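Protein chains in written order, with our numbering: chain A, 795 to 918; chain B, 62 to 262; chain C, 8 to 105; chain D, 858 to 1004; chain E, 2 to 246; chain F, 22 to 67. Every residue gets a Cβ at the ideal spot worked out from N, C-alpha and C, and that includes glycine.
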Amino acid sequence: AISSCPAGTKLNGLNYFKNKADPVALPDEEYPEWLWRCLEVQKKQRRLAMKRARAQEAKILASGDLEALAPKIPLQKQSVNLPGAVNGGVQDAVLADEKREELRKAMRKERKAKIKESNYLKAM
Amino acid sequence: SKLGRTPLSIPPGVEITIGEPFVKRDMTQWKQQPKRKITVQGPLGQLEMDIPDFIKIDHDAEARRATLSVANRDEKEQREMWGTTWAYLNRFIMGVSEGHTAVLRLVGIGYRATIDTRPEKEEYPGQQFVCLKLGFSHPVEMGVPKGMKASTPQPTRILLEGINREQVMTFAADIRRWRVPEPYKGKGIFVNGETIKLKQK
Amino acid sequence: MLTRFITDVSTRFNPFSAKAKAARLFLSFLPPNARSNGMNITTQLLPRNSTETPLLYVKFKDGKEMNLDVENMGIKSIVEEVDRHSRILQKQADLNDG
Amino acid sequence: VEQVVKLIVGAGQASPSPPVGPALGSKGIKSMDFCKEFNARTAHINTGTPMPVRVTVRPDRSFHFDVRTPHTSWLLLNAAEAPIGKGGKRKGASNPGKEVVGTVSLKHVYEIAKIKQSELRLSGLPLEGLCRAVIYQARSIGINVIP
Amino acid sequence: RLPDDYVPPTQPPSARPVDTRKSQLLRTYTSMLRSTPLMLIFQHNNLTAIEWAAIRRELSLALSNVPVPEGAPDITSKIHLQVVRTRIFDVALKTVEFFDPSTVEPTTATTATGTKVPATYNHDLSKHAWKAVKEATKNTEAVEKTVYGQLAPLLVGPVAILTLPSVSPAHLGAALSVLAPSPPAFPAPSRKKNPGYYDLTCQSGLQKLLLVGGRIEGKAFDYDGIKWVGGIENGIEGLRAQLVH
Amino acid sequence: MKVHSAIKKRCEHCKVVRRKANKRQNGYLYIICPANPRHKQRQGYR
RNA sequence: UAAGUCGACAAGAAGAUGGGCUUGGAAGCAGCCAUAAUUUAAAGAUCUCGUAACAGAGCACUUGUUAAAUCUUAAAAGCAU
Ligand SMILES: [Mg+2]
Ligand SMILES: [Mg+2]
Ligand SMILES: [Mg+2]
Ligand SMILES: [Zn+2]
């Protein structure tokens, strides 16, 4: 009941073969779980926020400590050793091999801005 | 220099003979700087040059090698001649053993070349004269300098040979000076793979 | 390095041998399409326990067959000898073509 | 060098024509032979369906072409139920940033990816990472993605 | 405000710049040499993009036909054929072998508040690691006796490394026949079942990959030795046979 | 050739060299370019 | 900056995909809008060429070889051209 398309829905224009019928939506449970999570990447008036937004953040923030206000260095500049241990186990191994992939994206995103800006500085 | 440090592999047959610091008195100069006469003899011939004294040659006869070094790397004059003296020895070693060659290509309808002897204008007995038809009213004839062997496998192809690279490439430029490659039809004399970019029309 | 004039190359060496380092580098310099063009290449890997002297075989398209020891000469030195012979063929090709 | 050419042709419509004729007729290969050889490749698809082809022309004018699945954009619009415009083909948003043509659900994305995984050259890529590649293209054609 | 002596907690003093990819990649291999018990070292020769994709397409397919019905972790996707930086990967072995993280003395550290807190620098990118590996490498002969010395000649030129999270002989036969087939021990897949394997692109890529050597549990292994490990059906079964005796 | 008082490189192949300098004259600064001959420039007057 | 700086050389520089619109045609590269992804040693819905439009050649970027033990790059200042 979480998906808009119910079971039995006719998927229009998804069959280009002659001897076959257009796909029919199957039950929601039968579909893999990642399909309900792969969509996690989709992202006067100023005066009103100034009255409330500016003030509320200062109160909750509790600017009395310098721990939650640090620069918060990104993952592409730290030097802490990655969570890799010898003979730690498959769980440790997989869990250790998963951060090497989360760091890969970090360097990738940096190349985009570094290349987009290098091409922007040549087409002034 | 990163080239002066590289040892010079002396192939079999080549012999390097280092002289001694000498000074040829010059009445026009109050103090001449000592030099060293370096001879490089081998199968094809013998070449000689005079290097400054501050350059030191560690001629290793055992391993057949010779590394160069200067007395002071901080002086601009010594850094330059260090690499230039190395580049010359490299050519000398690889010129007396193997030899240097230059290829000239004659592009253009009516361009020919022959190697004949002109006893009238011979500077030395048996001088070979390259005769070139390049569209001029007169015939263009040039005598090969003493020490070069010029031949034409084909009418539109010259082949120069010699042990002195500077002499070979200099004589190929004199022949090319008559017809420099043009960018509209590619006509001219191209030396050692030289090419010219053509125009649209 | 010019590989166009190289017909086939047969290299036999042991990986764990520090001397075979130069042999491995020579294999990488070859371009990707060397197999499609028709060049034959056979690579033999010797056991780690006992290592036979490394062997390098080269042959140009004019019949010349080159054989250079891997231990005495380094990768840089080997590239010079193969370049000289492959270079003269370029001049000869241009000389006799046209 | 074996040059390659890109041409979009109909399902069973292979004959000398603007899409087919000039694309390969000039190079030298026998267009008629290729035209009659393409029909055998596409004999189970609806007539007129667009089919990308990468024809490789080896030296000696011996051609070999690999038929490819329909364009992802053509499938997204075909499955988005977009209004037909100029040329009789479903057109996409002129300004994907503001305009919106259709609302394709994720269940349609899960199928558009399965039909694109049939290709051997694309059969290795994981399906989890392939459904987000088309979702990344729906933002460029003005189609909204619905959970 | 943050004081001058304060240093970020997730950015201790490094031996060399951390922003550069040279060092950021060193932190990866060092942890990969610890989390990967079984590792095969290949040599790639100017493989093209399409060829690489095809080669990695057979592994996924061949590795997806391994029976694992024991409810074990889904070890079928963390196996990757990764091209590595041989120069920076050769330093990883040094830092992983000739460096004892337990030989560092903790020192006070200043936080945003300025309070001194004791901290120890054991990260691989530390100046202490750089100093140890250098001094340890001074002895040439003693290094050859170490595992690094038995794998230093292998890290020459371009090398591609295959990483397996666990020592599964079954996964080896699925990956050892697609990259270095040698029948009848590890025969290549059949054409009547795996036609993609014998493709123009794939077949032309597998000829440029050579299995030079392998590393298992921090032990150098020769190509012939890898067959023995791959020959075993399973590790747990091999131990049972000894118990019967 | 264009004789300017402010010579600048107009591509990656342009090179700055001081030529014609000898025992009798100081020479000039040139912008030599083998790719495009229109990038040729000189600084100074005879 | 020996974790190989700098330069050169060898190769790579992918895929969904000719992004959508525009146009006789617009396929990275007339113009307009978008430019969260993905997989990779890396690869901009594209920085300079090139085509009528494709193709093609380079660049950013990636690995390897060579190779520096005071020797990389930029800025400012002084005196000169
Ligand atoms: Mg001048
Ligand atoms: Mg466009
Ligand atoms: Mg255009
Ligand atoms: Zn220029």
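The C-beta distance from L201(E) to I42(E) rounds to 27 Å, too long to fall under 8 Å, and the pair is not in contact.
For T904(D), there is no enclosing alpha helix (DSSP H), as DSSP marks it with neither H nor E. Contact annotation for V164(B) against chain C: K98, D101 and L102 [CB-CB distance below 9 Å, chain order]. Residues of the same chain with a CB within less than 8 Å of the CB of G70(C), apart from the 5 flanking positions on each side, do not exist. Taking the Cα positions, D6(E) is about 14 Å away from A120(E). Checking the 6 Å criterion, the Cβ of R947(D) is out of range of every heavy atom belonging to ligand 4. Following the DSSP letters along the chain, one finds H120(B) in no alpha helix (DSSP H) but inside the beta strand (DSSP E) bounded by residues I116 to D121. Closer than 7 Å to the CB of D101(E) there is not a single CB belonging to chain A. With respect to chain A, the C-beta atom of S883(D) has no partner C-beta closer than 7 Å. In the DSSP annotation of this structure, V19(E) is not part of any beta strand (DSSP E), being labelled neither H nor E. Taken through DSSP and simplified to helix, strand or coil, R59(F) comes out as helix. Taken through DSSP and simplified to helix, strand or coil, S17(C) comes out as strand. At least 7 Å separates the CB of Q83(E) from every CB of chain A. Across the structure, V131(B) and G106(B) are spaced so that their CA atoms are roughly 28 Å apart. Neighbours of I867(A) across chain E, judged by C-beta separation under 7 Å: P9, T11 and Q12. Neighbours of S167(E) in chain A, taken as residues whose beta carbon is under 8 Å from its own, are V884 and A887 in chain order. In terms of Cα proximity to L82(E), the closest of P70(E), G72(E), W53(E) and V69(E) is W53(E).
Taking the Cα positions, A950(D) is about 36 Å away from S888(D). Unbroken beta strand (DSSP E) stretches of 3 residues or longer found wholly inside the region 865-942 of chain D: 908-915 and 919-924, given in chain order. If you draw a straight line from the Cα of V38(F) to the Cα of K23(F), it is about 15 Å long. The contact set of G197(E) on chain D, defined by CB atoms closer than 8 Å, consists of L977 and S980 in chain order. With a threshold of 6 Å, the Cβ atom of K887(D) does not count as near ligand 1, since no heavy atom of the ligand is closer than that. A Cβ-Cβ contact shorter than 7 Å links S62(B) with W143(B).
Per DSSP, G236(E) is one residue of the alpha helix (DSSP H) stretching across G236 to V245. Straight-line measurement puts the Cα of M46(C) at about 38 Å from the Cα of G249(B). Across the set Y185(B), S158(B), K117(B) and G160(B), the C-alpha of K117(B) shows the shortest separation from the C-alpha of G65(B). Contact fails between the region 30-40 of chain C and the region 218-226 of chain E, because fewer than three Cβ pairs, one in each stretch, are under 8 Å apart. Ranked by how close their Cα comes to the Cα of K30(F), the residues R40(F), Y49(F) and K61(F) have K61(F) in first place.
For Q93(B), same chain residues with a beta-carbon under 6 Å away, outside a window of 5 residues either side, are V84 and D87 in chain order.
By the neighbour-count criterion, in which 16 or more other beta carbons inside 10 Å mark a residue as buried, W147(B) falls on the buried side. Under the Cβ distance rule, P214(B) counts among the residues neighbouring chain C, one pair being separated by less than 7 Å.
For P909(D), the nearest beta carbon of chain A is not closer than 7 Å to its own beta carbon.
The way I'd put it, the region 55-71 of chain C doesn't touch the region 175-188 of chain E; fewer than three beta-carbon pairs between them come closer than 8 Å. Per DSSP, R86(B) has no beta bridge partner at all. When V69(E), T138(E) and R58(E) are compared, the shortest CA-CA separation from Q974(D) is found for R58(E). Closest option to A16(E), judged by alpha-carbon separation, among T112(E), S127(E), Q44(E) and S24(E): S127(E).
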